Amino acid sequence: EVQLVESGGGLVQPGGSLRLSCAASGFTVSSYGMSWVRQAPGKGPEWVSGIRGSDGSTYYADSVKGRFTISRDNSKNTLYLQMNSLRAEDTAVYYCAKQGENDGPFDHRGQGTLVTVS
Amino acid sequence: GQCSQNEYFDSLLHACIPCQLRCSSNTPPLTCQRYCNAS
């Protein structure tokens, strides 16, 4: 039914930038709230960025303000995380996720994609 | 999974989530009444 197929992780040197992809299948990215969450090995998952479905407001964790930008391309039906000025602790598996109708509970997540910062 | 006063714990993502993302909902998490009632 609904899937979130991720790509765009890989290795990057401290200071670098990277662009993550999360292609929706079975729904329209523009119609729901989506956010990005990440998990470094040894740590619990961490919310990082998000778009609110109801009004397209964007939000960002403190560790990531000024460096990261969430967005959607309606034509490609994908959510992106532009990540700039990367640093060692930004290293995790990144996960996109989708909320139910009317700013509902998260109901699906992507498979993950690994970001490694030397 | 106890988290800060303006977030709730999502079970699908095993992560704590800003309440603003659920505030406009009919049925928001209870731990987002106080915060969510800044509007």
# chains A, B, ... in the order shown; residues from 1 in each chain; ligands from 1
$ closest_atom_pairs --of "chain A" --to "chain B" --cutoff "6 Å" --atoms "only C-alpha atoms" --output "tab-separated table"
residue	atom	partner	partner_atom	distance
A:45	CA	B:15	CA	5.2
A:46	CA	B:15	CA	5.7
A:52	CA	B:21	CA	5.4
A:102	CA	B:25	CA	5.5
A:103	CA	B:22	CA	5.0
$ residues_around --residues "residue 18 of chain A" --least-positions-apart "2" --cutoff "10 Å" --atoms "only C-alpha atoms" --output "ChimeraX atom specification"
/A:8-12,16,20,68,81-86,115
$ write_last_selection --atoms "C-alpha atoms" --output "CSV table (one decimal), in the first residue's frame"
chain,number,residue,atom,x,y,z
A,8,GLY,CA,21.0,9.3,-0.6
A,9,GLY,CA,23.1,8.2,2.4
A,10,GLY,CA,26.8,7.4,2.2
A,11,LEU,CA,30.2,8.7,3.3
A,12,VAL,CA,31.1,12.4,3.5
A,16,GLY,CA,30.6,18.2,3.7
A,20,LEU,CA,18.7,12.5,1.4
A,68,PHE,CA,19.4,21.1,7.8
A,81,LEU,CA,16.7,16.3,3.8
A,82,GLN,CA,19.3,18.8,2.7
A,83,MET,CA,22.1,18.4,5.2
A,84,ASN,CA,24.9,21.0,5.2
A,85,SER,CA,28.1,21.6,7.3
A,86,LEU,CA,28.1,18.0,8.5
A,115,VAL,CA,25.0,8.6,6.8
$ select_by_dssp --residues "chain B" --states "helix (DSSP H, G or I)" --output "PyMOL selection string"
chain B and resi 20-23
$ select_by_dssp --residues "chain B" --states "strand (DSSP E)" --output "PyMOL selection string"
chain B and resi 7-10+15-18
$ residues_around --residues "residue 30 of chain A" --least-positions-apart "3" --cutoff "8 Å" --atoms "only C-alpha atoms" --output "list in words"
residues 33, 53, 72, 74 and 77 of chain A
$ closest_residue --among "A:39, A:55, A:1, A:19" --to "residue 112 of chain A" --atoms "only C-alpha atoms"
A:39
$ closest_residue --among "A:35, A:47, A:111, A:87" --to "residue 3 of chain B" --atoms "only C-alpha atoms"
A:47
$ atom_distance --atom1 "atom CA of residue 101 of chain A" --atom2 "atom CA of residue 27 of chain A"
11.4 Å
$ closest_residue --among "A:23, A:29, A:88, A:37" --to "residue 56 of chain A" --atoms "only C-alpha atoms"
A:29
$ atom_distance --atom1 "atom CA of residue 9 of chain B" --atom2 "atom CA of residue 104 of chain A"
13.6 Å
